[PDB]
Amino acid sequence: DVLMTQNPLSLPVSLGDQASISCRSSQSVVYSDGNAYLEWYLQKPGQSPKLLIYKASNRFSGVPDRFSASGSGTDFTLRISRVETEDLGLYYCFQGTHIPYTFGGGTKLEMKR
Amino acid sequence: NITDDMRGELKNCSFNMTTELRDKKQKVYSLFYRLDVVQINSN
Amino acid sequence: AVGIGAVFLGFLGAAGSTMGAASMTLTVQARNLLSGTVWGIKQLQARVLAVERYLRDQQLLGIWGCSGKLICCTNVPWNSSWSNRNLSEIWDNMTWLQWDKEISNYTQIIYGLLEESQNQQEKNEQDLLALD
Amino acid sequence: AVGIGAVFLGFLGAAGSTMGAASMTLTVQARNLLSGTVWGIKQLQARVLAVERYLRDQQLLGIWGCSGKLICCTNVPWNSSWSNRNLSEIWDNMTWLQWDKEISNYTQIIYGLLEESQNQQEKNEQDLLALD
Amino acid sequence: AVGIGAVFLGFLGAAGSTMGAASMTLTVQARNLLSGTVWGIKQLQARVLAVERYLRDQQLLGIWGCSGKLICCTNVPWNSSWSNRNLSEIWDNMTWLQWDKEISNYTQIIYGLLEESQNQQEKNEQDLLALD
Amino acid sequence: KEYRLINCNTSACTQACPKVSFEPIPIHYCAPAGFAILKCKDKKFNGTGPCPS
Amino acid sequence: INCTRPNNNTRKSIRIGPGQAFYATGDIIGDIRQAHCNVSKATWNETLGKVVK
Amino acid sequence: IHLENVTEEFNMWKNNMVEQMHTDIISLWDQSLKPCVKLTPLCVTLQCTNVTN
Ligand SMILES: *[C@@H]1O[C@H](CO)[C@@H](O[C@@H]2O[C@H](CO)[C@@H](O[C@@H]3O[C@H](CO[C@H]4O[C@H](CO)[C@@H](O)[C@H](O)[C@@H]4O)[C@@H](O)[C@H](O[C@H]4O[C@H](CO)[C@@H](O)[C@H](O)[C@@H]4O)[C@@H]3O)[C@H](O)[C@H]2NC(C)=O)[C@H](O)[C@H]1NC(C)=O
Ligand SMILES: *[C@@H]1O[C@H](CO)[C@@H](O[C@@H]2O[C@H](CO)[C@@H](O[C@@H]3O[C@H](CO)[C@@H](O)[C@H](O)[C@@H]3O)[C@H](O)[C@H]2NC(C)=O)[C@H](O)[C@H]1NC(C)=O
Ligand SMILES: *[C@@H]1O[C@H](CO)[C@@H](O[C@@H]2O[C@H](CO)[C@@H](O[C@@H]3O[C@H](CO)[C@@H](O)[C@H](O)[C@@H]3O)[C@H](O)[C@H]2NC(C)=O)[C@H](O)[C@H]1NC(C)=O
Ligand SMILES: *[C@@H]1O[C@H](CO)[C@@H](O[C@@H]2O[C@H](CO)[C@@H](O[C@@H]3O[C@H](CO)[C@@H](O)[C@H](O)[C@@H]3O)[C@H](O)[C@H]2NC(C)=O)[C@H](O)[C@H]1NC(C)=O
Ligand SMILES: *[C@@H]1O[C@H](CO)[C@@H](O[C@@H]2O[C@H](CO)[C@@H](O)[C@H](O)[C@H]2NC(C)=O)[C@H](O)[C@H]1NC(C)=O
Ligand SMILES: *[C@@H]1O[C@H](CO)[C@@H](O[C@@H]2O[C@H](CO)[C@@H](O)[C@H](O)[C@H]2NC(C)=O)[C@H](O)[C@H]1NC(C)=O
Ligand SMILES: *[C@@H]1O[C@H](CO)[C@@H](O[C@@H]2O[C@H](CO)[C@@H](O)[C@H](O)[C@H]2NC(C)=O)[C@H](O)[C@H]1NC(C)=O
Ligand SMILES: *[C@@H]1O[C@H](CO)[C@@H](O)[C@H](O)[C@H]1NC(C)=O
Ligand SMILES: *[C@@H]1O[C@H](CO)[C@@H](O)[C@H](O)[C@H]1NC(C)=O
Ligand SMILES: *[C@@H]1O[C@H](CO)[C@@H](O)[C@H](O)[C@H]1NC(C)=O
Ligand SMILES: *[C@@H]1O[C@H](CO)[C@@H](O)[C@H](O)[C@H]1NC(C)=O
Ligand SMILES: *[C@@H]1O[C@H](CO)[C@@H](O)[C@H](O)[C@H]1NC(C)=O
Ligand SMILES: *[C@@H]1O[C@H](CO)[C@@H](O)[C@H](O)[C@H]1NC(C)=O
Ligand SMILES: *[C@@H]1O[C@H](CO)[C@@H](O)[C@H](O)[C@H]1NC(C)=O
Ligand SMILES: *[C@@H]1O[C@H](CO)[C@@H](O)[C@H](O)[C@H]1NC(C)=O
Ligand SMILES: *[C@@H]1O[C@H](CO)[C@@H](O)[C@H](O)[C@H]1NC(C)=O
Ligand SMILES: *[C@@H]1O[C@H](CO)[C@@H](O)[C@H](O)[C@H]1NC(C)=O
Ligand SMILES: *[C@@H]1O[C@H](CO)[C@@H](O)[C@H](O)[C@H]1NC(C)=O
Ligand SMILES: *[C@@H]1O[C@H](CO)[C@@H](O)[C@H](O)[C@H]1NC(C)=O
């Protein structure tokens, strides 16, 4: 029911630049408790998905200050500064308040040479 | 300036009506749809 | 994410779960029972009727010696006639709706037995208190 | 035939019986207490008043430490001033109506003594719980 | 003269007294809670709402295992985070209004802990009753 | 010279019953169960702020 | 479905009594034409085919 | 009952129990007027003249 729209499908970026990923929810994600449980997950080629940010604002565990997320309600955005080679992979946004939960469409980060 | 399909659908009716004063009456007119008025039976 | 457990903790969230698991969310329904011109009259009548139903249930529980408890162990032995089903079956396979359908026939018998057991226990307490 | 015992088990059926025998049909009256535009307003007012009276009685019973019980033994000794009558007389000759007429004068004194006894017992429990 | 103690025994008479001393007049407020066309509708709505509030409070107390008691000792240890204040300070200097202002933040946490403790105690009772 | 009552273009007036008296009588407002009325006994209270008594 | 009343109606207030007004219909400004509703022929045919199915 | 050592915050301007009083007084006023005579016939033409008496 909760359609998780993620744009752009591909997000080319040069090393050391800033890449912005936008992810929009069909409806409100704020739960009755007052917190919005929207998470961003990254999948490297040949590796399982890895949590990056939880609550859409809090950092998972000492993840780089480069990885910073912001937004509210319908619109949520994840920003990655000083892009590095280890950041290559598929970025997925995910909301976790309304059952069934859904994953984002997916954004493929592409580094530039 | 009615159309052929609206012939007789509207009636221009004049009647006596009570005013805000109990001893006075006013002659007024209104347009009524033919479905809202029934003839009672020249005039 | 909040997690699917909050759903289990919601009103009637365990209606489909096994009665053994549903026994851990009794307080949700118990609290929902007291949640809070012609239209006003009807609303007031509904509220009064809800209060009366809750009070009748509480009076019954007290009459069985189960006042203030959501789970109350009693002295009435279980008859195999009511249900020959095992314990594991009941508390790990069925749900409370299915169980209610099964034992709906004997409910009044069980209620009367509970009342008699509580009366016997009360008078035995009073008689041991006739002895101390 | 149904038998005359069902009459004894009816509402107020034991009003004429000895209070000792009437003590075995308390639940009937206890349950009857909760049995269930201007006319609707009056009916609703009556129902609300009945609920309030029942709740006041239950609150009193709880304040005496007798919550959930129809027969509750207490720590207040019986004064001969209230009634010098014997036990056999009271519980095998008189009825509850006659007894109420006799002891109607001292009822408030007994209620106050019960409240004081329950308060003393509660604070003694709390003080022994100040010691354990 | 009647004496100033009757004032202490009046409704809210101990609101300014130390909570330790105010703990001896709980029954006054507890009883006041149940004291007893558009105007009639509004009065009836107020009475029904009061009854509902009282019943909700009683249901909460029962859910904590404190049914029928005005003072109920529990198994939940006191957290210093809620209040690092001493016992003498609390029960001989402050009043219930001041204390409520201080601990208003942690009230829901304490309520949840009480519910969890009562559930744990109930299931431990049922499990020891799975053993006897 | 013709006149009309001032209210005739707004509504019709209801004549007060001649026996009913308009004299005010004291009315006391009382608190229901679970509620209390607090009276500020300060004799220099300006209507707002803390009331020590 | 698109429904319209193409007549440019005029409202007229008539004082029936004290505070009582009757809202009559005055002259219609312009031509007088029939009210009607429009639906798409193809859409209706498709929907009827589906319900028939 | 005097509440010793108790300090309370009052506000006569945001106070309730004044709106309730207003509503109750208005309702009483209307209720006392329901049974009385409605002066609909009094809305009639009057031939008035000065009282030089
Ligand atoms: C439903 O039926 C009612 C009938 O009750 C119609 O209302 C009448 O409509 C006619 C035509 O529109 C009106 O006649 C016109 O009245 C105008 C205003 O009247 C004043 O002026 C005249 C003198 O001209 C005075 O006698 C009168 O007392 C008023 O002071 C006039 O200005 C019009 O005159 C114009 O046309 C004539 C045509 O010959 C010219 O000679 C003039 O020079 C001038 O150009 C005209 O006389 C009539 O007054 C209306 N009566 C009422 C009571 O409203 C509704 O129109 C009709 N509605 C529908 C939808 O059919
Ligand atoms: C509204 O009220 C008026 C006033 O009463 C009505 O007008 C009156 O109508 C009657 C009958 O239609 C008239 O009587 C007739 O008069 C003619 C003309 O002299 C005469 O030839 C007939 O034989 C008959 O006597 C009356 O004169 C007339 N009065 C006035 C002042 O107009 C009117 O009919 C009522 N209805 C409407 C819709 O206006
Ligand atoms: C419902 O559908 C009918 C047609 O089936 C619509 O009638 C049409 O309405 C339009 C706009 O009102 C008319 O256009 C006019 O055309 C003339 C001649 O070209 C032009 O001179 C005018 O300036 C105006 O543009 C049209 O004539 C008329 N009839 C037809 C057969 O098209 C009607 O408007 C529709 N109504 C709704 C509510 O959808
Ligand atoms: C009922 O009325 C609505 C208007 O509220 C009609 O919708 C409008 O229909 C017109 C067609 O006359 C549309 O204009 C056309 O738009 C297309 C692109 O979609 C363009 O290629 C055409 O050249 C023309 O400009 C208009 O966009 C459309 N608007 C909306 C909001 O729907 C509707 O067609 C009417 N239906 C019936 C059955 O009469
Ligand atoms: C009812 O009639 C009265 C009297 O005509 C109206 O009050 C007057 O309105 C005129 C406007 O044309 C003012 O110039 C006068 O000063 C008003 N008189 C007074 C005493 O204030 C009143 O407005 C009418 N009511 C309605 C609803 O039409
Ligand atoms: C219906 O008729 C009225 C006539 O009163 C139109 O209102 C006039 O519209 C013109 C042009 O928009 C204005 O210049 C006038 O000032 C208006 N007069 C009034 C009294 O409002 C109205 O536009 C017509 N409606 C339609 C849909 O044509
Ligand atoms: C009767 O009273 C009327 C007023 O109701 C007098 O008429 C005039 O009223 C205006 C104000 O409305 C005054 O300024 C005038 O002084 C009044 N008099 C005149 C002559 O205009 C009227 O005079 C009074 N007397 C009679 C006999 O009608
Ligand atoms: C009525 O129709 C005629 C022509 O038939 C026209 O001259 C006249 O202006 C129309 N009236 C109105 C009010 O449009
Ligand atoms: C069980 O039910 C049977 C049949 O009604 C009855 O004879 C028996 O006494 C019952 N036993 C118990 C323990 O309820
Ligand atoms: C119930 O438990 C007994 C244990 O002796 C077992 O023999 C029996 O099969 C169980 N019931 C069912 C339906 O399997
Ligand atoms: C309960 O009784 C009804 C008849 O009143 C009977 O049809 C039904 O089978 C009974 N149910 C059980 C579980 O015995
Ligand atoms: C019994 O009543 C007498 C007279 O009121 C009183 O003096 C005495 O203390 C009472 N004793 C008990 C045990 O109530
Ligand atoms: C009460 O019992 C005593 C037992 O010693 C007896 O002497 C007395 O007569 C009894 N009361 C009456 C009224 O007989
Ligand atoms: C109870 O008190 C009344 C006076 O208030 C007195 O007439 C009556 O005799 C008393 N009853 C008993 C049993 O002492
Ligand atoms: C006391 O509160 C702290 C902080 O919330 C918590 O970590 C601790 O577990 C609590 N302990 C008890 C006994 O409630
Ligand atoms: C609380 O009691 C301890 C006892 O060791 C004492 O040291 C402390 O000063 C007391 N609290 C205050 C605020 O004095
Ligand atoms: C309670 O929480 C509020 C914020 O919601 C805070 O301003 C206040 O200081 C807290 N009170 C205490 C005693 O911690
Ligand atoms: C509707 O569509 C069918 C085919 O889908 C076509 O044969 C028919 O002519 C259309 N019109 C009507 C009125 O059925
Ligand atoms: C009154 O309150 C003050 C502080 O609010 C306190 O110091 C004083 O001891 C209190 N006195 C009494 C009699 O409660």
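For the record, the sequence lines run as chains H, B, F, W, U, R, S and L. When the letters of the first sequence are read in order and numbered with PDB author numbering, they come out as residues 1 to 27, 27A to 27E, 28 to 108. When the letters of the second sequence are read in order and numbered with PDB author numbering, they come out as residues 137 to 141, 150 to 185, 187 to 188. When the letters of the third sequence are read in order and numbered with PDB author numbering, they come out as residues 512 to 547, 569 to 664. When the letters of the fourth sequence are read in order and numbered with PDB author numbering, they come out as residues 512 to 547, 569 to 664. When the letters of the fifth sequence are read in order and numbered with PDB author numbering, they come out as residues 512 to 547, 569 to 664. So that you can map any letter, position 43 of the sixth sequence is 231 in PDB author numbering, and since no number is skipped, the others follow by simple counting. When the letters of the seventh sequence are read in order and numbered with PDB author numbering, they come out as residues 294 to 309, 312 to 321, 321A, 322 to 347. So that you can map any letter, position 43 of the eighth sequence is 126 in PDB author numbering, and since no number is skipped, the others follow by simple counting. Note that beta-carbon positions come from the ideal geometry of N, C-alpha and C, so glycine has one too.
Residue i versus residue j - alpha carbon distance
{"i": "residue 343 of chain S", "j": "residue 180 of chain B", "result": "38 Å"}
{"i": "residue 99 of chain H", "j": "residue 73 of chain H", "result": "12 Å"}
{"i": "residue 94 of chain H", "j": "residue 581 of chain W", "result": "46 Å"}
{"i": "residue 103 of chain H", "j": "residue 65 of chain H", "result": "19 Å"}
{"i": "residue 622 of chain W", "j": "residue 531 of chain W", "result": "8 Å"}
{"i": "residue 660 of chain U", "j": "residue 650 of chain U", "result": "15 Å"}
{"i": "residue 583 of chain F", "j": "residue 654 of chain U", "result": "26 Å"}
{"i": "residue 88 of chain L", "j": "residue 240 of chain R", "result": "8 Å"}
{"i": "residue 607 of chain W", "j": "residue 230 of chain R", "result": "48 Å"}
Below-9 Å beta-carbon distance, residue i vs any chain H residue
{"i": "residue 547 of chain F", "result": "no"}
Residue i CB to nearest heavy atom of ligand 9 below 8 Å
{"i": "residue 612 of chain F", "result": "yes"}
Contact test: residue i Cβ vs ligand 11 heavy atom, cutoff 8 Å
{"i": "residue 634 of chain F", "result": "yes"}
{"i": "residue 637 of chain F", "result": "yes"}
Heavy atom of ligand 12 within 8 Å of residue i beta-carbon
{"i": "residue 645 of chain W", "result": "yes"}
Residue burial classification, residue i (beta-carbon count within 10 angstroms, cutoff 16)
{"i": "residue 42 of chain H", "result": "exposed"}
{"i": "residue 27C of chain H", "result": "exposed"}
{"i": "residue 4 of chain H", "result": "buried"}
Residue i CB to nearest heavy atom of ligand 7 below 8 Å
{"i": "residue 133 of chain L", "result": "yes"}
Closer than 8 Å: residue i CB and nearest ligand 19 heavy atom
{"i": "residue 87 of chain L", "result": "yes"}
Closer than 9 Å to chain L by CB, residue i
{"i": "residue 153 of chain B", "result": "no"}
{"i": "residue 629 of chain U", "result": "yes"}
{"i": "residue 623 of chain U", "result": "no"}
{"i": "residue 165 of chain B", "result": "yes"}
{"i": "residue 649 of chain U", "result": "no"}
Min CB distance residue i to chain R below 9 Å
{"i": "residue 102 of chain L", "result": "no"}
{"i": "residue 308 of chain S", "result": "yes"}
{"i": "residue 533 of chain U", "result": "no"}
Min CB distance residue i to chain U below 9 Å
{"i": "residue 524 of chain F", "result": "no"}
{"i": "residue 652 of chain W", "result": "no"}
{"i": "residue 116 of chain L", "result": "no"}
{"i": "residue 220 of chain R", "result": "yes"}
{"i": "residue 529 of chain F", "result": "no"}
Cutoff 9 Å: residue i Cβ touching any chain F Cβ
{"i": "residue 541 of chain W", "result": "yes"}
{"i": "residue 514 of chain W", "result": "no"}
{"i": "residue 89 of chain H", "result": "yes"}
Contact test: residue i Cβ vs ligand 10 heavy atom, cutoff 8 Å
{"i": "residue 615 of chain F", "result": "no"}
Min CB distance residue i to chain S below 9 Å
{"i": "residue 172 of chain B", "result": "yes"}
C-beta neighbour in chain B for residue i, strict 9 Å
{"i": "residue 127 of chain L", "result": "yes"}
{"i": "residue 327 of chain S", "result": "yes"}
Check: residue i C-beta below 8 Å from any heavy atom of ligand 18
{"i": "residue 340 of chain S", "result": "yes"}
Contact residues within the segment 588 to 620 of chain F, judged by C-beta distance below 8 Å to chain U: 599, 600, 601, 602, 603 and 605
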